[PDB]
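Take a look at this single chain, the form deposited in one PDB entry, given in structure tokens.
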């Protein structure tokens, strides 16, 4: 689906850039914007953008899929990638990250620094420029502008909650209710709801009820994805994933610590109070081994089965009238 549509998606990028990087004296700014687009919108897996394109094909009767409709699908997928890029560039400055996608974070490059704040705003702005240029005449134009704006806001407000929740190792902040709330707003809305919802609108499916039904399935898939992402940060083999995890060094509200704290005798709370959020490795070793000693690998395994049963019921209940394959194709990318 994705294996076999990733090709035209990445080749489209070059057109995306052409049309955004066309008024003599603004030239130098426009060159900078090109360098920003190139460094930051390229080099991920493109799962979110591609989901737009795949879902567009599944949703539109194939006799309403001319060259220009496809091109709008490619474009809106690239909009989702640009929203991703905006959030990351800015999040990397906020967290003080060193690398991203296997390279030096844009803000850490020589003579970029905090100028990356403007660069990131430009990435966001490019979303609406593309939507104007390619979709202004379409009946779903407004629908999409609102979708992207709301996705930004949800993701922003989730970032606030995350930042309040994890500055300083106060583990009383790290609750289940709070973990779930952070994942929904910061991650799931834009990563899972947004791309399918966009394809929906592009197909004419604008009903509030249809969107709510898809949302219900897709926010739940997003919660599982992040939960598996947190497991793997620590237990994932690093040559299968790519990441090597610093969740624990960074005092993250990770599903692991949440579960751990649900399960600990008061003596264990202490070992964790003493090791959570530390630089030193031995004190990260002894967090791992405390998680191992509470069979969190196994709780996760149980959680993962339960979750899969749940998603399948959701799809059975709430997919109609969309093709269950829209959702199943996504479920297969994450439950693998």
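Definition used throughout: the rigid core is the maximal C-alpha set that superposes within 1.5 Å between two forms. Residue numbers count along the first chain shown, from 1.
There is also a form solved in complex with a small molecule; it is not shown, and the following applies to it.
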- in the deposited complex, the residue from 159, 165, 75, 213 that sits within 4.5 Å of the small molecule by heavy atoms: 159
- Quick one: of 176, 95, 170, 146, which gets a non-hydrogen atom within 4.5 angstroms of the small molecule in the deposited complex? 95
- Task: Could you confirm whether residue 190 comes within 4.5 Å of the small molecule in the deposited complex, counting heavy atoms only?
- Result: yes
- Message: Residue-level question: is residue 87 within 4.5 Å of the small molecule in the deposited complex, judged on heavy atoms?
- Response: yes
- Non-hydrogen atom contact residue 155 with the small molecule in the deposited complex at 4.5 angstroms: yes
- Query: How about residue 243: is it within 4.5 Å of the small molecule in the deposited complex, going by heavy atoms?
  - Reply: yes
- Item | Candidate spot 226, 229 and 247, all three touching the small molecule in the deposited complex (heavy atom, 4.5 Å) | yes
- Message: Please pick out the stretch from 260-268, 67-75, 133-141, 181-189 that is in contact with the small molecule in the deposited complex, where contact means heavy atoms within 4.5 Å.
- Response: 181-189
- With the core superposed between the shown form and the other one, a CA shift of at least 2 Å among 210, 250, 156, 176 belongs only to 250
- Using a superposition on the rigid core, decide whether the Cα position of residue 231 changes by 2 angstroms or more between the shown form and the other one. yes
- Message: On a rigid core superposition, would residue 241 pass a 2 Å threshold for CA movement between the shown form and the other one?
- Response: yes
- Flag for residue 276, CA shift 2 Å or larger between the shown form and the other one after aligning core: yes
